[PDB]
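Worksheet: the structure to be examined is printed underneath.
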Amino acid sequence: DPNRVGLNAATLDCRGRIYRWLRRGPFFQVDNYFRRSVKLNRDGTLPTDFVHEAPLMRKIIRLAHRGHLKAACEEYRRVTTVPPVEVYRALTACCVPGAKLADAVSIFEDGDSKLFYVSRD
Amino acid sequence: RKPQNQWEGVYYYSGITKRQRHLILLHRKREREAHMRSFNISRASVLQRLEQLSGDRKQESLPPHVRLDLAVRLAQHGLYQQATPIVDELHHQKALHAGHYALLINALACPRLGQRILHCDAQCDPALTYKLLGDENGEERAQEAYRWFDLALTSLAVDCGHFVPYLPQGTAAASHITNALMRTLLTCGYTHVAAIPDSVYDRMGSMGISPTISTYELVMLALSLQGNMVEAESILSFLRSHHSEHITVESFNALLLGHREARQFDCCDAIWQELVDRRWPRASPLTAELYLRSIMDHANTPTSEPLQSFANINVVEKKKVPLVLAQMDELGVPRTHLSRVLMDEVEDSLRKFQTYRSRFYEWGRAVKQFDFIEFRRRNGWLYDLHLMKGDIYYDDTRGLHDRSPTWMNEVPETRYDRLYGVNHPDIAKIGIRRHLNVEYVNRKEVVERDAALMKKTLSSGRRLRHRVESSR
Amino acid sequence: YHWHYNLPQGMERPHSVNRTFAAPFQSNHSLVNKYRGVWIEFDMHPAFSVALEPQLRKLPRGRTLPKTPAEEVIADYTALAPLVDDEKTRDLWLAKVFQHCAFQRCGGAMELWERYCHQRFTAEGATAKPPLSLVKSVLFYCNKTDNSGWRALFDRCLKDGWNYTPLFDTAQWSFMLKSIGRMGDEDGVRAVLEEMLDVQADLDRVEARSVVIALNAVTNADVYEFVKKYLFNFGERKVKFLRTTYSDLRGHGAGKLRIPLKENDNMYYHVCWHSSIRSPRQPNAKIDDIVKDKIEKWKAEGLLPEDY
Amino acid sequence: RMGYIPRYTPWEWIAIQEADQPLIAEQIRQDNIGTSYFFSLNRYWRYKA
Amino acid sequence: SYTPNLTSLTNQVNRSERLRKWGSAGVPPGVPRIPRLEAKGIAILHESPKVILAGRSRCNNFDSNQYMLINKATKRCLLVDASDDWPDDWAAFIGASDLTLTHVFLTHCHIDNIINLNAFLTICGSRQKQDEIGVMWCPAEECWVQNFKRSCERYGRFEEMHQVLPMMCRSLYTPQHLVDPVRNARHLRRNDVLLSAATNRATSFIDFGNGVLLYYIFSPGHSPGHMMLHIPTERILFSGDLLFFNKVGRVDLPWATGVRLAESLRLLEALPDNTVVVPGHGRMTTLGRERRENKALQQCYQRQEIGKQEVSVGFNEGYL
Ligand SMILES: [Zn+2]
Ligand SMILES: [Zn+2]
């Protein structure tokens, strides 16, 4: 659904909502924006299939197949949804001709436990 | 405000549900059935192979290598009685050689029955497998291991027929069969594992057979199972002095196993820290299994000098388990190569002593603290241990008052405020005004208010004194 | 009252609260990494998997659902499956098209069960035993398309039959109870809920929208008294969440379901009564002879006169 | 004794306080691969640098 | 308040009423000691050629008062309801005025009266070292001296909990201890007066010296034994807790009867209007002012006129 993409927020009306804002954790805005956004669906598939950032996922695979690792890492920083399995397949294949093991593990460790095991492939 | 307790720990979830502990017990029983099913299928296959080659090959004599292949497969599955007529005719036909005798005695230790005993009966304890293999004909397999050793040395004298008065005792085949004999005698009972460092080792010395590294490691493992650690470390001390190039992992595996049986847990820590320090020979998963099981036996051990006045003290030894598992990641030891019985107790220690940075920012929230209190209030009968029911060494005559000027430095504001009327005859010594002696923040303002109250009281008392006697 | 500063500031006594009370992890939020679906346990031999690789490509694998329409994978199993001479390979392949037709809701996939697997598993006392991956796929299929063929297969999984009910997951029972409440089988709800209690399934972790649908279809009188004693088997956290979901599914949030619920208010008033109960506060023959002896006395006393 | 307060906490009382609180997994700080020169500062936006 | 039995712990409204009164704490904060700050000095209230009345207002956080009668001729002083948070000014006042503390009068044995009574006898008894001080009280207050420890738990007076009261000790009206023949500071208290409830104008008095008589009046209703002090020569009435400025004592405490309090208000209607009534709490008044502008006395006689046989008057919000 492309037209229903968006998250509305509140206004902090009453005093009891102000005290909750002053008692929130260190990651309360970025955590609740992450869980109101993309999550595992009813059938069990990934939330990878996102329409608005679909050509951005094509750009990283296009950059990781030509050997541009740093530019593919720069466009990976701009993602908000869960990236597909094909970008992790292309990013780790970009690290092998330069023997960059430290970059390839951090690519896998980003999507292993944080992004619903999309890099566990 | 009432103060909070700073020596009270943070309420956090370290435990499992009754369904999960039942589901762990239910799943572990299924794979114990699977290893029991896997052994008896292959045991029936080699017994069907035996009766096929005995019935249909009744008069046709088999080639000696087919009968040799079936004899080791019978001895591996714990069927030693079905294999001794096969080896007796192969020795009589002189078809067995130096490597064939060492193959048969190594097969007599049954490394297929021990695989069933490990996963099902011994609860994946590698020390308990030697204790349980000795019951299934331990004395009976030891006599045939001694008989096949006599069959081997008789055949080696024929096979060697200069160095003529020193044959076959100086060959490589004599020690290989002797190493095969000690490996088979380890699987036997306690009477035969005690004979390995004393009786078999002196017989090897009296025969003049040069030992190898596998000779000393089985003797060290034999002294490990007896519980004698002063002799087991002495053999590796002989190996540390003379033959240090050939020391493999199994000498360390005997010492990790041996101090676990003797319950000297401080010694088995130092062996593991030594193996992390040298990093050669490589730590097998048997090293990580024998060391982590020594932690869990030390953790479940109760103490008796405090007699558990508050709680169990030895449970703090499970805090080393995230340290050892971090060391296994750099030693190249995979943690997935651990047994299912140990892995449940390893993850038991992990959910009790491990936290991440994302959880540490959220574990102290009052919602999770008050859920811990209510869950203790609702069902505390299910999870509780209580509900089940100058220089001083050259100083001797000290130099006092060495004219160190305290007036060059400035500490002038050391004024002290004492209570009014200490030696006054009208003011009593004992009283509730004695509690004013312990007051620090308002020390100046209280005692000047106290002195103003006591001066006006003694003034009003003595002016009442002069008024009454002047009127009468 | 306090501790003075010149006193030694030692710890008075240690507190071991986390080792006396071993608490399991309890969060109000659900697990973010769970599969939330029915697993098939695809365990094919690694020679037919690369052989049938253009055919298994359009089939749902682990956490992947291709959008191939169901009439093509039926035609692939119609032609190529008689070519492979292996029994468990065809059964595992048939479990995938039963899973593929379930996610796309194709009602015509029950002909594949009667074509191949009915005659050797569920016909005339068949002694052959189907694999677990095939029974899980067709029960997930018949519950998704609301097919009435689940009853002959669920009766085969009992302790005298195939005995596959201890191998069912908690998500399998959630999709099971949703279809019976949609079709409206009163004895179908009771026979499954008696099976879930006999098998010791996770009753507190079934889907709450699935339970309130299966409880909404209870209209018979004798099975309604079964629900009254079965409602105590849930937890106190679960039974207060069954009230809030059943009140919203019949109220404002009625659009979450594909078909609307039917109005069963005697189940609605009992669940609201049972949730308030678990929550904290915030001789006819001998009596009939007594009355007849009194009316006999009152006619003798004259209090009950005759006609004037 | 009549008022004995110890100036050293006993070994039993230290071991109880250590056994009640867990460890932080990032305190071991072990590293053997190296620093990710390209990706570690450009990871996912929730857990980013 | 009371003993936490099984039904008080299993009651939800016990956990709810403790939330309404005290918020999220649930435990009532006690009545603490007045510190050496915010405390006043001893005032000379009345000077007469016979006696001298010296007093101090608001000496407790119960807002109680501390008074002392000083006889000019005998140099003998007498404390009335000895409850001061600092009985060290009172020891220095009698030490600097050449006075001898002989007895302590107690109207009733609530915690607003005997909270520092052991402190009064110890500090003033230590000064006469360089005959002990008596206690004059009524034996109907025996039920309140048993619950003195219970009252100290509810009002946070933990330091005066483990203190045996001096009136509980063996006096001359008690059997004596038979000690081993192989110590009478606490074994026997010879100076002790037990007042009788049969109080009359003839013989129920204390001879204070030089011809002034302290007529004690038994007037229950706020407490089982409530002994007022009346000095008819000086027009002074120590009502204690019976009558205050524009209010009377509480009846919502145990052993407090509303119909006994109304009979206690009727037994002071023969006294003149210029009798300056000196209460245990608050400001002093006259008896003529309370006969005109007190609604508790106005309701007491209005119910009597319209024919109420059991007239019940009494406060539920006020002083203990
Ligand atoms: Zn009172
Ligand atoms: Zn009072």
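We name chains A, B, ... following the order of the structure tokens; residues begin at 1 in each chain, and ligands are numbered from 1 as shown.
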Kindly provide, as a VMD selection string, all nucleotide and amino acid residues lying within 7 Å of ligand 2, counting only C-alpha atoms and all ligand atoms. chain E and resid 64 112 to 113 240 to 241 280 to 281 319 to 320
Using only C-alpha atoms, find which residues of chain B lie within 10 Å of chain D and jot them down as a VMD selection string. chain B and resid 7 to 12 14 306 308 to 320 322 to 323 326 to 327 329 to 330 349 to 360
Could you list the residues in chain D lying within 7 Å of chain A, using only C-alpha atoms, and format the result as a list in words? residues 33, 34, 35, 36, 37, 38, 39, 40, 42, 43, 44, 45 and 46 of chain D
N, CA, C and O atoms of the current selection, written as a PDB file, in the first residue's frame:
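To be explicit, this is the file written out as part.pdb:
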ATOM      1  N   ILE D  33      39.069  -8.938  14.250  1.00  0.00           N
ATOM      2  CA  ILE D  33      38.968  -8.714  12.811  1.00  0.00           C
ATOM      3  C   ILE D  33      39.612  -7.397  12.409  1.00  0.00           C
ATOM      4  O   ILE D  33      40.472  -7.356  11.526  1.00  0.00           O
ATOM      5  N   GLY D  34      39.203  -6.311  13.043  1.00  0.00           N
ATOM      6  CA  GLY D  34      39.644  -4.982  12.695  1.00  0.00           C
ATOM      7  C   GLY D  34      38.468  -4.037  12.681  1.00  0.00           C
ATOM      8  O   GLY D  34      37.357  -4.388  13.074  1.00  0.00           O
ATOM      9  N   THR D  35      38.716  -2.817  12.220  1.00  0.00           N
ATOM     10  CA  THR D  35      37.691  -1.785  12.160  1.00  0.00           C
ATOM     11  C   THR D  35      37.090  -1.740  10.764  1.00  0.00           C
ATOM     12  O   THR D  35      37.819  -1.730   9.768  1.00  0.00           O
ATOM     13  N   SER D  36      35.762  -1.723  10.698  1.00  0.00           N
ATOM     14  CA  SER D  36      35.053  -1.599   9.429  1.00  0.00           C
ATOM     15  C   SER D  36      35.189  -0.166   8.941  1.00  0.00           C
ATOM     16  O   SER D  36      34.516   0.741   9.434  1.00  0.00           O
ATOM     17  N   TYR D  37      36.073   0.045   7.964  1.00  0.00           N
ATOM     18  CA  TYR D  37      36.380   1.395   7.508  1.00  0.00           C
ATOM     19  C   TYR D  37      35.277   1.994   6.647  1.00  0.00           C
ATOM     20  O   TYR D  37      35.251   3.215   6.463  1.00  0.00           O
ATOM     21  N   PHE D  38      34.370   1.176   6.114  1.00  0.00           N
ATOM     22  CA  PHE D  38      33.363   1.658   5.177  1.00  0.00           C
ATOM     23  C   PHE D  38      31.935   1.571   5.688  1.00  0.00           C
ATOM     24  O   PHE D  38      31.109   2.399   5.300  1.00  0.00           O
ATOM     25  N   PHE D  39      31.616   0.599   6.542  1.00  0.00           N
ATOM     26  CA  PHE D  39      30.227   0.313   6.871  1.00  0.00           C
ATOM     27  C   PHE D  39      29.820   0.680   8.289  1.00  0.00           C
ATOM     28  O   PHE D  39      28.647   0.985   8.511  1.00  0.00           O
ATOM     29  N   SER D  40      30.751   0.661   9.251  1.00  0.00           N
ATOM     30  CA  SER D  40      30.389   0.765  10.663  1.00  0.00           C
ATOM     31  C   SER D  40      29.836   2.134  11.042  1.00  0.00           C
ATOM     32  O   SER D  40      29.090   2.234  12.020  1.00  0.00           O
ATOM     33  N   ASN D  42      28.007   3.831   8.795  1.00  0.00           N
ATOM     34  CA  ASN D  42      26.897   3.993   7.863  1.00  0.00           C
ATOM     35  C   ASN D  42      25.921   2.833   7.976  1.00  0.00           C
ATOM     36  O   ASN D  42      25.392   2.343   6.974  1.00  0.00           O
ATOM     37  N   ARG D  43      25.664   2.369   9.196  1.00  0.00           N
ATOM     38  CA  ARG D  43      24.756   1.249   9.409  1.00  0.00           C
ATOM     39  C   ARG D  43      23.312   1.750   9.461  1.00  0.00           C
ATOM     40  O   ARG D  43      23.006   2.882   9.077  1.00  0.00           O
ATOM     41  N   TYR D  44      22.405   0.888   9.924  1.00  0.00           N
ATOM     42  CA  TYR D  44      20.975   1.173   9.910  1.00  0.00           C
ATOM     43  C   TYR D  44      20.626   2.297  10.883  1.00  0.00           C
ATOM     44  O   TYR D  44      21.266   2.460  11.924  1.00  0.00           O
ATOM     45  N   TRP D  45      19.576   3.056  10.538  1.00  0.00           N
ATOM     46  CA  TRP D  45      19.348   4.378  11.125  1.00  0.00           C
ATOM     47  C   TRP D  45      18.969   4.320  12.599  1.00  0.00           C
ATOM     48  O   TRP D  45      19.205   5.291  13.328  1.00  0.00           O
ATOM     49  N   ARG D  46      18.367   3.220  13.054  1.00  0.00           N
ATOM     50  CA  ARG D  46      18.006   3.119  14.464  1.00  0.00           C
ATOM     51  C   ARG D  46      19.243   2.958  15.338  1.00  0.00           C
ATOM     52  O   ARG D  46      19.383   3.635  16.363  1.00  0.00           O
TER      53      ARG D  46
END
Counting only C-alpha atoms, the residue of A:53, A:121, A:1, A:13 that sits nearest chain C: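 Among the listed residues, A:121 lies closest to chain C.
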In Å to one decimal, how far is atom CA of residue 154 of chain C from atom CA of residue 257 of chain C? 24.9 Å
Residues of chain A within 10 Å of chain B, using only C-alpha atoms, as a PyMOL selection string? chain A and resi 23-27
Which neighbours of residue 266 of chain E fall inside 9 Å, counting only C-alpha atoms, when residues of the same chain fewer than 5 positions from it are skipped, and could you give them as a PDB file with C-alpha atoms, in the first residue's frame?
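Final output, saved to selection_22.pdb:
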ATOM      1  CA  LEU E 261     -18.997  14.314  78.313  1.00  0.00           C
ATOM      2  CA  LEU E 297     -22.400  24.021  75.352  1.00  0.00           C
ATOM      3  CA  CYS E 300     -25.822  20.498  75.312  1.00  0.00           C
ATOM      4  CA  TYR E 301     -28.508  22.584  77.017  1.00  0.00           C
TER       5      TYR E 301
END
Compute the chain C side of the contact with chain A at 6 Å, counting only C-alpha atoms, and hand it back as an MDAnalysis selection string. chainID C and resid 33 35:37 63:64
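Counting only C-alpha atoms, the residue from E:56, E:291, E:260, E:127 that sits nearest to chain B is E:127.
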Distance filter 10 Å, only C-alpha atoms, chain C against chain E, as number ranges by chain: C: 1, 280-282
Go ahead and save the picked residues with N, CA, C and O atoms, as a compact mmCIF listing (two decimals), in the first residue's frame.
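Generated output (selection-v1.txt):
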# COMPACT_ATOMS: atom_id res chain seq x y z
N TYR C 1 16.57 6.09 62.28
CA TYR C 1 15.98 7.02 61.33
C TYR C 1 16.91 7.26 60.15
O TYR C 1 16.48 7.28 59.00
N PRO C 280 -9.64 -9.01 40.01
CA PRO C 280 -9.98 -8.61 41.37
C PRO C 280 -11.14 -7.62 41.40
O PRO C 280 -11.51 -7.03 40.39
N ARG C 281 -11.70 -7.46 42.59
CA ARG C 281 -12.84 -6.57 42.77
C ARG C 281 -12.41 -5.11 42.66
O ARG C 281 -11.32 -4.73 43.09
N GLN C 282 -13.27 -4.30 42.06
CA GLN C 282 -12.97 -2.89 41.84
C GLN C 282 -14.25 -2.06 41.80
O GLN C 282 -15.36 -2.60 41.85
